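Student: After the structure tokens below, expect a handful of questions from me.
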Amino acid sequence: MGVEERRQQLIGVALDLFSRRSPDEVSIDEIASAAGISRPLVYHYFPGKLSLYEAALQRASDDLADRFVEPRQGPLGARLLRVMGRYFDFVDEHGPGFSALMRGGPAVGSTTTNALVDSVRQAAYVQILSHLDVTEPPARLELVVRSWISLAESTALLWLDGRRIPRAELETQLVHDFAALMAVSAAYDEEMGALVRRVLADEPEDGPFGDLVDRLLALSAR
Amino acid sequence: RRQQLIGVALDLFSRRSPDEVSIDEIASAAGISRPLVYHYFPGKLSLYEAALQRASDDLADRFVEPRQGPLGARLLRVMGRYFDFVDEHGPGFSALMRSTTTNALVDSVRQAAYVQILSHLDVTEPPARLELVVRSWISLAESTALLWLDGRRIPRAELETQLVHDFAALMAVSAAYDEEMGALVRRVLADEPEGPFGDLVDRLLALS
């Protein structure tokens, strides 16, 4: 194969291995072997293991960020649920590498890896505001949204540790969590209250939010 | 002297990001020479880690709360101490959250919070759904405090109560679709009036 083909092949092979195992268990020799090339030939394309890991992570990060893009049509909850399906598909596909990267955190990460992870978090933020139709988010809204993004990261990481709860339940849970976090904040702020009322007015009366409220009323045995 | 030096280092590492804290600065503040700091610590990272261990023990100890009265009030009292701590250590906390020893120390605080929450819920064998709710809330609380520190545009009193209501919310969402979680919530609502759960249910009713 040609040079650019080979570079992109190598990034793919690296991404495959770094997805399957923690990065301490992936070697240049294994990457070379999977790619069908010699050890020195890998170093022709990348000067070390970290640069290849970063290149794989760039590809993965671009993939997840693109998965956040969803048409601004129909009830908002359903849009978010669709993105949550793609998000869990991604987490599944990349699980062992995702867990290793995230449970390492910014301390272990290179400046480049931390920047890539942050760029994904920011891509999520931008999409959520687009759907909310907000360009100048107030403080309270920014905190709810960013703290939900942290909640969604945590939920996926906890899911991967044993998969003791079905992903479909967690996807729906994260959608309900978003409504609930926003509703909690609405108590302290009229501007927040108005946004949440508008968002919930866009849900059908027979929708999942409806069913959540019905279930909570039932639990309360009012 | 070694314990005094750790305190001085924690003070400076609390006030500024660690790239802005030098051994010479620690030595001056402690009133000792640069060599005497190296006598106790091989290098800057080891002293950073010692300061973090002290801070981590302080926060974990702040999670201890008597098992008495309504649960929401217990958690609100802990949130007051948590935000006090975050305030006192703001710049250093921000910089840390943005070694494997320091990761281990941070993890040990998250675990301490977990243990205390389950203690109060009177649960020794937490179901998967409860574990995920509690751990995910701990992440939410970490995130909320870090976001608060960036500008302090929202008052801490609001975020403290917001976090208590968020715990009830995360639990409620799970309980709505899981019988075992539903039973736990009902067992746990038997001592709150109409408490964060009741107000949340009223709110979801009223905002819809």
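Identifiers for the structure tokens are assigned positionally: chains receive A, B, ... in sequence, residues are indexed from 1 per chain, and ligands are indexed from 1 in the order shown.
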Would you write out, as JSON lines, a table of all residues in chain A that have an atom no more than 8 Å from an atom of chain B, listing for each the closest atom pair and the distance in Å to one decimal, considering only C-alpha atoms and ordering rows by chain and rising residue number?
Tutor:
{"residue": "A:104", "atom": "CA", "partner": "B:103", "partner_atom": "CA", "distance": 7.5}
{"residue": "A:106", "atom": "CA", "partner": "B:98", "partner_atom": "CA", "distance": 5.9}
{"residue": "A:107", "atom": "CA", "partner": "B:99", "partner_atom": "CA", "distance": 5.9}
{"residue": "A:108", "atom": "CA", "partner": "B:99", "partner_atom": "CA", "distance": 6.7}
{"residue": "A:139", "atom": "CA", "partner": "B:153", "partner_atom": "CA", "distance": 6.5}
{"residue": "A:140", "atom": "CA", "partner": "B:154", "partner_atom": "CA", "distance": 7.0}
{"residue": "A:143", "atom": "CA", "partner": "B:147", "partner_atom": "CA", "distance": 6.3}
{"residue": "A:146", "atom": "CA", "partner": "B:143", "partner_atom": "CA", "distance": 7.9}
{"residue": "A:147", "atom": "CA", "partner": "B:143", "partner_atom": "CA", "distance": 5.6}
{"residue": "A:148", "atom": "CA", "partner": "B:140", "partner_atom": "CA", "distance": 7.4}
{"residue": "A:150", "atom": "CA", "partner": "B:140", "partner_atom": "CA", "distance": 6.5}
{"residue": "A:151", "atom": "CA", "partner": "B:140", "partner_atom": "CA", "distance": 5.7}
{"residue": "A:154", "atom": "CA", "partner": "B:136", "partner_atom": "CA", "distance": 5.6}
{"residue": "A:155", "atom": "CA", "partner": "B:136", "partner_atom": "CA", "distance": 6.1}
{"residue": "A:158", "atom": "CA", "partner": "B:132", "partner_atom": "CA", "distance": 6.3}
{"residue": "A:159", "atom": "CA", "partner": "B:132", "partner_atom": "CA", "distance": 7.9}
{"residue": "A:164", "atom": "CA", "partner": "B:128", "partner_atom": "CA", "distance": 6.4}
{"residue": "A:165", "atom": "CA", "partner": "B:128", "partner_atom": "CA", "distance": 7.0}
{"residue": "A:173", "atom": "CA", "partner": "B:173", "partner_atom": "CA", "distance": 6.6}
{"residue": "A:176", "atom": "CA", "partner": "B:173", "partner_atom": "CA", "distance": 6.7}
{"residue": "A:177", "atom": "CA", "partner": "B:170", "partner_atom": "CA", "distance": 6.3}
{"residue": "A:180", "atom": "CA", "partner": "B:169", "partner_atom": "CA", "distance": 6.1}
{"residue": "A:181", "atom": "CA", "partner": "B:166", "partner_atom": "CA", "distance": 6.3}
{"residue": "A:183", "atom": "CA", "partner": "B:204", "partner_atom": "CA", "distance": 6.8}
{"residue": "A:184", "atom": "CA", "partner": "B:162", "partner_atom": "CA", "distance": 6.5}
{"residue": "A:185", "atom": "CA", "partner": "B:162", "partner_atom": "CA", "distance": 6.7}
{"residue": "A:187", "atom": "CA", "partner": "B:203", "partner_atom": "CA", "distance": 7.9}
{"residue": "A:188", "atom": "CA", "partner": "B:158", "partner_atom": "CA", "distance": 7.3}
{"residue": "A:193", "atom": "CA", "partner": "B:207", "partner_atom": "CA", "distance": 7.6}
{"residue": "A:196", "atom": "CA", "partner": "B:207", "partner_atom": "CA", "distance": 7.1}
{"residue": "A:197", "atom": "CA", "partner": "B:207", "partner_atom": "CA", "distance": 5.5}
{"residue": "A:200", "atom": "CA", "partner": "B:208", "partner_atom": "CA", "distance": 5.9}
{"residue": "A:201", "atom": "CA", "partner": "B:208", "partner_atom": "CA", "distance": 7.0}
{"residue": "A:212", "atom": "CA", "partner": "B:176", "partner_atom": "CA", "distance": 6.6}
{"residue": "A:213", "atom": "CA", "partner": "B:204", "partner_atom": "CA", "distance": 6.5}
{"residue": "A:215", "atom": "CA", "partner": "B:176", "partner_atom": "CA", "distance": 5.4}
{"residue": "A:216", "atom": "CA", "partner": "B:176", "partner_atom": "CA", "distance": 5.8}
{"residue": "A:217", "atom": "CA", "partner": "B:201", "partner_atom": "CA", "distance": 7.0}
{"residue": "A:219", "atom": "CA", "partner": "B:182", "partner_atom": "CA", "distance": 6.7}
{"residue": "A:220", "atom": "CA", "partner": "B:186", "partner_atom": "CA", "distance": 7.4}
Student: CA of residue 125 in chain A and CA of residue 71 in chain A are how many Å apart?
Tutor: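 Separation between CA of residue 125 in chain A and CA of residue 71 in chain A: 15.6 Å.
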Student: Report as a PyMOL selection string all protein, DNA and RNA residues lying within 10 Å of residue 58 in chain B, evaluated on only C-alpha atoms, omitting residues in the same chain fewer than 6 positions from it.
Tutor: chain B and resi 52+85+109
Student: Can I get the selection written as a compact mmCIF listing (two decimals), in the first residue's frame, with N, CA and C atoms?
Tutor:
# COMPACT_ATOMS: atom_id res chain seq x y z
N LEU B 52 -1.39 16.73 49.58
CA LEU B 52 -2.66 16.17 49.13
C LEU B 52 -3.20 15.10 50.08
N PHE B 85 -14.65 23.37 52.32
CA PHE B 85 -13.37 22.76 51.94
C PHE B 85 -12.94 23.21 50.54
N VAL B 109 -10.96 9.49 48.52
CA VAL B 109 -11.99 10.44 48.96
C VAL B 109 -13.35 10.07 48.35
Student: What's the 9 Å shell around residue 46 in chain A, counting only C-alpha atoms, without same-chain residues fewer than 5 positions away, as a PyMOL selection string?
Tutor: chain A and resi 7+51-52
Student: Excluding residue 100 in chain A and residues on its chain fewer than 2 positions from it, collect all residues at most 10 Å away from it, counting only C-alpha atoms, and give them as a PDB file with C-alpha atoms, in the first residue's frame.
Tutor:
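Saved to selection.pdb:
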ATOM      1  CA  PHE A  18      -6.055   0.582  22.350  1.00  0.00           C
ATOM      2  CA  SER A  19      -9.836   0.041  22.337  1.00  0.00           C
ATOM      3  CA  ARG A  21      -6.986  -3.279  26.249  1.00  0.00           C
ATOM      4  CA  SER A  22      -5.496  -0.812  28.666  1.00  0.00           C
ATOM      5  CA  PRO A  23      -2.615   1.000  26.938  1.00  0.00           C
ATOM      6  CA  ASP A  24       0.106  -0.654  29.117  1.00  0.00           C
ATOM      7  CA  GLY A  95     -14.833   0.010  26.451  1.00  0.00           C
ATOM      8  CA  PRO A  96     -11.528  -1.192  27.862  1.00  0.00           C
ATOM      9  CA  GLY A  97      -9.624   1.759  26.348  1.00  0.00           C
ATOM     10  CA  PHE A  98     -12.335   4.241  27.406  1.00  0.00           C
ATOM     11  CA  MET A 102     -11.065   8.036  31.837  1.00  0.00           C
ATOM     12  CA  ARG A 103     -10.079   6.332  35.102  1.00  0.00           C
ATOM     13  CA  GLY A 104      -6.538   7.611  34.494  1.00  0.00           C
ATOM     14  CA  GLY A 105      -7.881  11.204  34.181  1.00  0.00           C
ATOM     15  CA  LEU A 157     -17.901   4.192  33.106  1.00  0.00           C
TER      16      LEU A 157
END
Student: With only C-alpha atoms as the counted atoms, please give the residues lying no more than 9 Å from range 41-45 of chain A, apart from itself and same-chain residues fewer than 6 positions off, as a ChimeraX atom specification.
Tutor: /A:3,6-7,10,28-29,31-32,35,52
Student: Would you save the residues from that selection as a CSV table (one decimal), in the first residue's frame, using N, CA and C atoms?
Tutor:
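Printed below is out20.csv as written:
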chain,number,residue,atom,x,y,z
A,3,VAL,N,1.8,5.4,1.1
A,3,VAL,CA,2.2,6.0,2.4
A,3,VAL,C,1.0,6.5,3.2
A,6,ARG,N,-1.0,3.6,4.4
A,6,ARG,CA,-0.3,3.0,5.5
A,6,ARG,C,-0.5,3.7,6.8
A,7,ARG,N,-0.3,5.1,6.7
A,7,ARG,CA,-0.5,5.9,8.0
A,7,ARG,C,-1.9,5.7,8.6
A,10,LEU,N,-2.3,2.1,10.0
A,10,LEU,CA,-1.7,2.0,11.3
A,10,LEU,C,-2.5,2.7,12.4
A,28,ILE,N,4.2,-1.6,20.5
A,28,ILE,CA,4.5,-1.3,19.1
A,28,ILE,C,4.6,-2.6,18.3
A,29,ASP,N,5.3,-3.6,18.9
A,29,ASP,CA,5.4,-4.9,18.2
A,29,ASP,C,4.0,-5.5,17.9
A,31,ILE,N,1.2,-3.8,17.4
A,31,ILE,CA,0.7,-2.9,16.4
A,31,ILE,C,1.3,-3.3,15.0
A,32,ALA,N,2.6,-3.4,15.0
A,32,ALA,CA,3.3,-3.8,13.7
A,32,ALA,C,2.8,-5.1,13.2
A,35,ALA,N,-0.7,-4.8,11.8
A,35,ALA,CA,-0.6,-4.1,10.6
A,35,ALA,C,0.1,-4.8,9.5
A,52,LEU,N,1.2,7.7,18.6
A,52,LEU,CA,0.3,6.8,18.0
A,52,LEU,C,-1.0,6.7,18.8
Student: Just asking: which residues within range 9-182 of chain B are helix (DSSP H, G or I) according to DSSP, as JSON, numbers by chain?
Tutor: {"B": [9, 10, 11, 12, 13, 14, 15, 18, 19, 20, 23, 24, 25, 26, 27, 28, 29, 30, 34, 35, 36, 37, 38, 39, 40, 44, 45, 46, 47, 48, 49, 50, 51, 52, 53, 54, 55, 56, 57, 58, 59, 60, 61, 62, 71, 72, 73, 74, 75, 76, 77, 78, 79, 80, 81, 82, 83, 84, 85, 86, 87, 88, 90, 91, 92, 93, 94, 95, 96, 97, 100, 101, 102, 103, 104, 105, 106, 107, 108, 109, 110, 111, 112, 113, 114, 115, 116, 117, 118, 119, 120, 121, 128, 129, 130, 131, 132, 133, 134, 135, 136, 137, 138, 139, 140, 141, 142, 143, 144, 145, 146, 147, 148, 149, 156, 157, 158, 159, 160, 161, 162, 163, 164, 165, 166, 167, 168, 169, 170, 171, 172, 173, 174, 175, 176, 177, 179, 180, 181, 182]}
Student: Please provide as a PyMOL selection string all residues within 10 Å of residue 49 in chain B, with the sequence filter that same-chain residues fewer than 5 positions apart are discarded (counting only C-alpha atoms).
Tutor: chain B and resi 6+9-10+44+54-55+99+101-102+105
Student: For CA of residue 128 in chain A and CA of residue 210 in chain A, determine how far apart the two atoms are, in Å to one decimal place.
Tutor: 21.5 Å
Student: For a test of reading the model, state the distance in Å between CA of residue 149 in chain B and CA of residue 86 in chain B, rounded to one decimal.
Tutor: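 Answer for the CA of residue 149 in chain B to CA of residue 86 in chain B separation: 8.1 Å.
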